[PDB]
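Read the structure below first, then the notes.
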Amino acid sequence: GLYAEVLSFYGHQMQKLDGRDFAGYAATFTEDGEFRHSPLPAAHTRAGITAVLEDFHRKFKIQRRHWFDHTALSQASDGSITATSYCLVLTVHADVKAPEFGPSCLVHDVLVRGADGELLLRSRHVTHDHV
Amino acid sequence: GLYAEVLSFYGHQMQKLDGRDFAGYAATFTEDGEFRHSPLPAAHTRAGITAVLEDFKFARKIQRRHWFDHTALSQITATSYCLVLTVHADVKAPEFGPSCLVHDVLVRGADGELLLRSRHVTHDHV
Amino acid sequence: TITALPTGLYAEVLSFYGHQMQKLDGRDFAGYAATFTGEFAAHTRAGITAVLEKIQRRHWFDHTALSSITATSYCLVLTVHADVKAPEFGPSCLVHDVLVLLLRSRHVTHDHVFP
Numbered sequence: 009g010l011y012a013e014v015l016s017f018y019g020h021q022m023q024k025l026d027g028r029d030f031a032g033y034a035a036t037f038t039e040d041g042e043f044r045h046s047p049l050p051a052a053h054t055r056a057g058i059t060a061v062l063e064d065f066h067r068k069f073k074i075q076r077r078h079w080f081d082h083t084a085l086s087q088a089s090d091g092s093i094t095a096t097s098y099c100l101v102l103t104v105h106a107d108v109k110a111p112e113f114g115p116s117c118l119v120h121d122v123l124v125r126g127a128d129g130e131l132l133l134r135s136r137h138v139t140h141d142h143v
Numbered sequence: 009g010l011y012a013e014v015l016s017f018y019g020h021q022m023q024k025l026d027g028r029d030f031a032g033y034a035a036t037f038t039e040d041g042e043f044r045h046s047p049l050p051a052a053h054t055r056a057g058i059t060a061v062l063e064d065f068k069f071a072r073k074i075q076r077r078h079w080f081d082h083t084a085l086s087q093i094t095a096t097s098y099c100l101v102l103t104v105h106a107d108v109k110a111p112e113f114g115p116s117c118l119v120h121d122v123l124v125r126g127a128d129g130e131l132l133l134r135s136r137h138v139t140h141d142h143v
Numbered sequence: 002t003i004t005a006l007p008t009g010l011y012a013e014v015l016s017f018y019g020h021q022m023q024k025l026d027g028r029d030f031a032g033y034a035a036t037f038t041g042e043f051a052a053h054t055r056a057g058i059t060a061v062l063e073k074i075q076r077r078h079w080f081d082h083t084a085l086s092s093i094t095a096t097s098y099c100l101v102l103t104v105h106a107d108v109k110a111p112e113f114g115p116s117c118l119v120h121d122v123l124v131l132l133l134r135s136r137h138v139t140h141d142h143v144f145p
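Chains as they are written, first to last, in full-length UniProt numbering: chain A, 9 to 47, 49 to 69, 73 to 143; chain B, 9 to 47, 49 to 65, 68 to 69, 71 to 87, 93 to 143; chain C, 2 to 38, 41 to 43, 51 to 63, 73 to 86, 92 to 124, 131 to 145.
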């Protein structure tokens, strides 16, 4: 049940990000949420995560898609859920049917539960397979 | 439990489509099932969906794969990413495209099976 | 429906694949072979490990379909070269598995190889 719940969490989360719902995407993080886009320092809090998303977005006629695969879960000692997933970024250009691909990434997530049973992302660290 | 069942539903459904089992694929729709390949009039009923698939360029040298990702269910309405792969004989690297959004409406069958009332596909490059 | 398999088993298979492929792609060839009981043709874990023996590969899976449990999945291999952001793709494969979670056999066919 937990595995399907995390996949569903990721499904809604990524569709917000790719739909330019940067505030909704940040809302899936804890309020002290930690996000490292690349090995620039990590962004902190939802407002910080939102700012980082806008800035890396200005470079983008463009429709981005963040595909996930092979999510692997494990329980930490503090009740947190460690998640590691593959991610492949698609960049779709207007009137060009073939997307261009890259980067291929590893997504290191720390998930938490809480009083109301809902999951939230404490931290996300993204590494690039070509780096 | 429903989320895993929908992923399972898509796994069998897409493998039918990619295996050129167009009638089996249409059988995953309701009787009045509706399919819209792009914003082209939409096909109606199993025969209409099957006919549309038969008509639409390719088996001696082409193998297609319709990958799904990030299924999100809501209220059953389903939206998933889709990426089409075109594999050519003796060519290891597939051709990619289009990248699509799959807007689905899921309902409960009489046998208790899942079925698609409607499927609307949009293309990310349009 | 009455012939459907439990949904918990389906998620368990996806999780099984998630841990399994990450070991393989991390060049943990013994850990990957440890997910077999098994034939791959190579036989037993020691034979599988030996056969497996700059570049970072990723084996993506999709559309797992279950039916001993017979499993068939799509697989797409990514080859990522150092300092090159766009991966190289291929082959696209079908993964035929028999689950008892552990594998006796994995039969991989290539979509670009026609009869």
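Just so you know, even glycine gets a beta-carbon here, dropped at the ideal spot from N, CA and C.
Once the 5 residues before and after residue i are set aside, which same chain residues still bring their CB inside 8 Å of it?
i: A31(B); result: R55, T59
i: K109(A); result: none
i: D26(B); result: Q75, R76, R77, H78
i: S97(C); result: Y18, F80, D81, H82, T83, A84, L118, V119, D121
i: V14(B); result: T83, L85, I93, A95, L123, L131
i: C99(A); result: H78, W79, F80, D81, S116, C117, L118, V119, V138
i: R134(B); result: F37, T38, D40, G41, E42, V122, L123, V124
i: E63(A); result: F30
i: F65(A); result: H45
i: residue 67(B); result: For residue 67(B), no position is available: the coordinates of chain B end at 65 and pick up again at 68.
Excluding the 5 residues preceding and the 5 following residue i in the sequence, name in chain order all residues of the same chain whose CB lies nearer than 6 Å to its CB.
i: residue 199(B); result: Examination of residue 199(B) is not possible in this model, given that chain B is present from 9 through 143 alone.
i: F17(B); result: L131
i: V61(B); result: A52
i: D141(C); result: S116
Excluding the five sequence neighbours on either side, which residues of its own chain have a C-beta within less than 7 Å of the C-beta of residue i, listed in chain order?
i: residue 1(C); result: In this structure chain C extends from 2 to 145, so residue 1(C) is not present and cannot be described.
i: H137(A); result: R44, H120
i: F69(A); result: none
i: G114(B); result: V101
i: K24(A); result: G32, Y33
i: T103(A); result: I74, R76, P111, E112
i: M22(A); result: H78, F80
i: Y11(A); result: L85
i: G126(B); result: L132
i: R28(B); result: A71
Spell out the partners DSSP gives residue i in its beta bridges.
i: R44(A); result: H137(A)
i: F69(B); result: Answer is none; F69(B) lacks a bridge partner.
i: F37(A); result: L133(A)
i: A52(A); result: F43(A)
query = What are the start and end residues of each continuous beta strand (DSSP E) run of 3 or more residues lying completely inside the region 74-137 of chain A, in chain order?
reply = Complete beta strand (DSSP E) runs here, min 3: 74-87, 93-105, 112-124.
inquiry  = Pairs of beta-carbons, one from the region 77-97 of chain A and one from the region 33-47 of chain B, closer than 8 Å: are there three or more?
reply    = Verdict: no, contact absent.
query = Of all the residues that make up the region 113-134 of chain A, which are near chain C by a beta-carbon distance shorter than 8 Å?
reply = For the region 113-134 of chain A, the set of positions with a beta-carbon nearer than 8 Å to some beta-carbon of chain C reads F113, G114, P115, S116 in chain order.
message = Any C-beta of chain A within less than 8 Å: which residues of the region 98-114 of chain B qualify?
response = The residues in question are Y98, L100, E112, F113, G114.
task = Residues of the region 13-32 of chain A with a CB closer than 9 Å to any CB of chain B: list them in chain order, please.
result = Taking 9 Å as the Cβ-Cβ cut-off against chain B, the residues of the region 13-32 of chain A that qualify are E13, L15, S16, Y18, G19, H20, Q21, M22, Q23, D26.
ask   = What residues in the region 74-87 of chain B have a beta carbon less than 9 Å from any beta carbon of chain A?
value = If the cut-off is 9 Å between Cβ atoms, the region 74-87 of chain B has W79, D81, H82, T83, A84, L85, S86 near chain A.
query = In the region 52-64 of chain B, which residues sit with their C-beta less than 7 Å from some C-beta in chain A, listed in chain order?
reply = For the region 52-64 of chain B, the set of positions with a beta-carbon nearer than 7 Å to some beta-carbon of chain A is empty.
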